[PDB]
């Protein structure tokens, strides 16, 4: 069947800082479809943000050129490894729906778990290639799923996994994801609600930058092929 892609993001910064070192960039693939690049750079605040932007940018450039996701992740690593002399790490994920291969690809270098929903049944997946920027020969670990209606992917930054840690009551990630992801729940509502649960776990003072990325594939129930995108930034 034809598929509709919903992607959504909800994110905030560590309490006490004025910006996040987590970057999510969205890029249109020249073969059709889209990618989200999630980078969580070492550190917080201004410097962390500058570097996460450039790391994301290294991957986004290559994706724009139709370079394959794995190669793009390796390039982002090579960039960070060269520019910071093997001293700074970052978590990197690339989450793609490739409308030419009819596939969802997840290229992971993060050491944070993800959730996968298969028609409402969620599981936690710990497979990743670990962080980029430090080991010379770092490689992504890769997941590929047929792009069918009912597939959901939830990717987070470590600030979500860390929520509650301050008071020794860590967020139960898999349990909270399955809870919030109802059958008709839109991607944005999953992302919003997972982030809110993490914020409640940190008593409203994020202990680290927090980012939730949700992909939901569903059946087509809009007849005109309209593409939409929206960004909201409160408190600019």
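Residue numbers count along the first chain shown, from 1.
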Of the two stretches 44-52 and 202-210, which shows the higher Cα B-factor on average in the entry?
44-52
On average, are the C-alpha B-factors higher in 69-77 or in 143-151?
143-151
Quick one: which of 181, 191, 197, 37 has the biggest Cα B-factor according to the entry?
181
Of the options 119, 157, 89, 96, which has the highest CA B factor as deposited?
119
Taking the C-alpha B-factors as the PDB entry records them, is residue 132 in the lowest, middle or highest third of its chain?
lowest
Assert third(CA B-factor, residue 235) within chain per record equals highest
Taking the chain's C-alpha temperature factors as the reference, tell me which third residue 106 falls into: lowest, middle or highest.
middle
Third of the chain's Cα B-factor distribution that residue 5 belongs to, per the entry:
middle
For residue 222, the third of its chain by CA B-factor is the highest
